[PDB]
Structure formats: structure tokens, C-alpha cells
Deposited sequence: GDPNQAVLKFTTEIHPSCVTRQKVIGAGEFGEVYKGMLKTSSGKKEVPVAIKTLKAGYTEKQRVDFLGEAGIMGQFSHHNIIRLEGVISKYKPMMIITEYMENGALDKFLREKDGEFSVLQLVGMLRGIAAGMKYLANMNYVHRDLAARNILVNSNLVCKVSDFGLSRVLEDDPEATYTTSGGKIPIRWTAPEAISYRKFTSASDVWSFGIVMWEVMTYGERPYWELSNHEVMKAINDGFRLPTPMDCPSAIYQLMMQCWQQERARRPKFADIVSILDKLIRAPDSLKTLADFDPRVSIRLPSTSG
């Protein structure tokens, strides 16, 4: 029970499950009695294995431990009754990838960079807490009604997220906070492009080959030079050369606080010629 030391135990009478939103069990949208609050509810259904129980309660325990503005907030856990449940806050705006694609061009550069600073602060916290995310991507980030981004982990889409993953993590399963930094660079590109697919139609093998050949994603349109410089350094082949999350947070904070620094734009390489008088 020590695993749950940072969690609040919720009584089942306070929870109502309404609609399945994911699927040892299912995830539901529901309501929590604490005037009810909307919540997401992950269940561990009858028949779960020992490994599944250890993973489920371990997930609940770390989510309770995390207490940060940019990490999804655990409302509580049901561990004393069956089915067991993990209950989190709910965001009507949903996941960041779909959000940006449905709001193309609607935000200022400063708003976009602010979302990256928040994601970076959440990741710095996770790394400092010695938690390696392994699946950092815009699809795993929730957006609240204040445009605050909350790092989450919804599990795999299981689709292996090759184009978000650092080379050493793909090649030999070395997942660390430095491979999370690589993923963060990809998230920066996702944000600045309003959710474009990294590497467009390239297949997974083509992406890995391009990376090994030295190619990197080109600059997004209208992107601050400093922001593209930062994402590029997240994609250094040599793990030890990448910035740490503390460096990323510091840089993003300083750019936002001296906002003229974001007015210098990186050149964009057009794919298409339009000749006009």
C-alpha cells in the first residue's frame, strides 16, 4: 500500500462512468462527486494478471507523486474495491495534436512558444523525478482552457512511435531523459506546424534512414530562428550533446521574457514555385 502513499483513495459511490474513450480494462469519460467534476477513468477489469496489477498500481502511485502545473492531475484511485480505477482530470479541448490541427493558424508565436515552455517544464520535472516518459508526442499532451499543456501518457496509439523516438532508443532500447529530449524536439516541430505529421509521408524505415544519413526536419513556416535552433539541438545523434531539460526550460523562459528575441525568423525553404509580376 506504500506505492499509493501520494494518492487519494476515492470511494466508488462517487464515480459514474459514462462513455468508453479507450481500451486490462477500458478508459471512460465520467463524473466525480467531490457540482460534479468531469473525469477520465481507467479501469483494471476482473481477471487482470499480477504484472498488470503491479503496473496499474505503480502508474497510480507515480501519478499521485507528480504534482506539477504541466503534468496531468490525478484526482485519485480506487484500489480497495473492484474494478480498480485511476481517475484524472478531463480537458474539453482534448489532446494537443488534434487541437492544433483544428485551430490551424489561430495562435500567436508567443502563445505557441508558451505551450512549449510548459511542456518543457513538465518534462524537466519528470526527468528530475527520475521518470523516463518514452512516448512524448503531441498526442500525449492535454490542453486546458487556459492553453496550459499537461503531459500525459495514454499508452501507444500498439503503434511504435518511431518518428518521435531517439536513435539509441530505437536501436538498442536505451530510453532516458535524453531520448525524451529528442522527442521534445519533435513535439516542438509539431506545435510550430500546427500538428503536421513529422516527416510527412515518409515510412518509418525511410525516417530512420534519413536520420542516419544526417537529414533533419526543415524549419516550419514563420518559425522563430531561436526555436528552430533549439529543436535542432534536441536532434543531435550523440545523446550526450543534447541539451538537458533544464537547458530547454531556461532558454524558452528567457525567449518569452525577452519577446523581441522571437521576431527573428528562420528562412523557410519553399517546395513550390509561384512566379508572378
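Mapping the modelled residues onto the deposited sequence reveals missing stretches at 1-4, 28-29, 41-44, 168-182, 303-306.
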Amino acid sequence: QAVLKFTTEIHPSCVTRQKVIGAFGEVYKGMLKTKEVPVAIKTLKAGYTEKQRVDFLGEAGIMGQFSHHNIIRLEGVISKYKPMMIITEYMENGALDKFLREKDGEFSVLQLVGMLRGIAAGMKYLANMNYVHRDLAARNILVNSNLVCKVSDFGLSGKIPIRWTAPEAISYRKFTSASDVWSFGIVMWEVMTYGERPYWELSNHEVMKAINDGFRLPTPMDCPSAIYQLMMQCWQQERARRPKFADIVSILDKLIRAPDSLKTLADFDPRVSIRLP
From here on, numbers count along this sequence of modelled residues.
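In this text, rigid core is short for the largest set of C-alphas that superpose within 1.5 Å between two forms.
Between 119-127 and 74-82, the larger root mean square Cα shift in 9 other deposited structures of this protein, once each structure is superposed on the rigid core, falls on 74-82.
Superposing each structure in 9 other deposited structures of this protein on the rigid core shows that the farther-lying of 92-100 and 178-186, by root-mean-square Cα distance, is 92-100.
In at least one third of the other compared structures of this protein with flanking residues present, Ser157 is left unmodelled. Coordinates for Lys35 are absent from at least a third of the other compared entries of this protein that model residues on both sides of it. Judged by mean Cα B factor in the deposited record, 103-111 ranks above the other of 121-129 and 103-111. The question of which stretch, 183-191 or 87-95, has the higher mean Cα B factor is settled in favour of 87-95. Based on the entry's C-alpha B-factors, the most elevated value among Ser157, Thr165, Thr176, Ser152 belongs to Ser157. Between the residues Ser250, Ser225, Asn212, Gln233, it is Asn212 that shows the highest Cα B-factor in the PDB record.
When all modelled residues of the chain are sorted by CA temperature factor, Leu255 is found within the lowest third. The deposited CA B-factor of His69 belongs to the lowest third of values across its chain. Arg197 sits in the middle third of its chain by CA B factor, as recorded in the PDB entry. When the modelled residues of the chain are ordered by C-alpha B-factor, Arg134 sits in the lowest third. Ranked by C-alpha B-factor against the other modelled residues of its chain, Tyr28 falls in the highest third.
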